[PDB]
Amino acid sequence: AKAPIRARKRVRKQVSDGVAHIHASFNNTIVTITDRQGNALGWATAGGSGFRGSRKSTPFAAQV
RNA sequence: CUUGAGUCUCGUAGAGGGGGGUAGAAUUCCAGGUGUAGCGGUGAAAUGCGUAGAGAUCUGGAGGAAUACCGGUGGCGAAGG
């Protein structure tokens, strides 16, 4: 159940808009969000979703 | 003699040969900036590499082969070339 917590107010860089980069290879996909002026705000992968084998290089493991 | 072959200047098509000059782009690398955990490999897998901060990504520099497409049943070289 609910607790009496203070209000949240935090800032990081508030960029509002970005560019994304997709590096597709033969064994994996690497998917990366950045700011438009060019700084990484996070990434994920298809290999870290743990499909492994051929199943690791598919449109669906890449989507997730 | 020309009926074999040879030769002059002219045009034409082409990756024939030797030496010069030249650019950008991924891997790769370095530096700074941003940023967190896999990256790689495969039939499935593990060795490698990585928190000293990798992988990727922004900016800028580095370096060496190579130069795809146009390249086509094309064209060229003495044959491979």
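The rules behind the values
Residues numbered from 1 in each chain as written, not as in the entry; some residues may be left out. Chains lettered and ligands numbered in written order. Part of a larger assembly, values for the part shown. Heavy atoms only, no water. Pairing = 2+ DSSP bridges. Helix = DSSP H or I, 4+ residues; strand = E, 2+ residues; numbered from the N terminus.

Method of determination, as given in the entry header: cryo-EM; reported resolution: 12.1 Å.

(A) Up close: the pairing of strand β2 (residues 29-35). For strand β1 (residues 18-24) and β2, the ladder comprises seven bridges, and the chain directions are antiparallel. Following the sheet pairing, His-21 is matched in β2 by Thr-32. Remark: four residues form the turn of the hairpin made by β1 and β2, two consecutive strands paired antiparallel. Bridging between β2 and strand β3 (residues 40-45) involves five bridges; their strand directions are antiparallel. Its bridge partner being in β3, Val-31 is matched across the sheet by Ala-44. Taken together, β2 and the strand that follows it, β3, pair antiparallel across an intervening segment of four residues, in which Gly-38 is found at a positive phi of about 105°.

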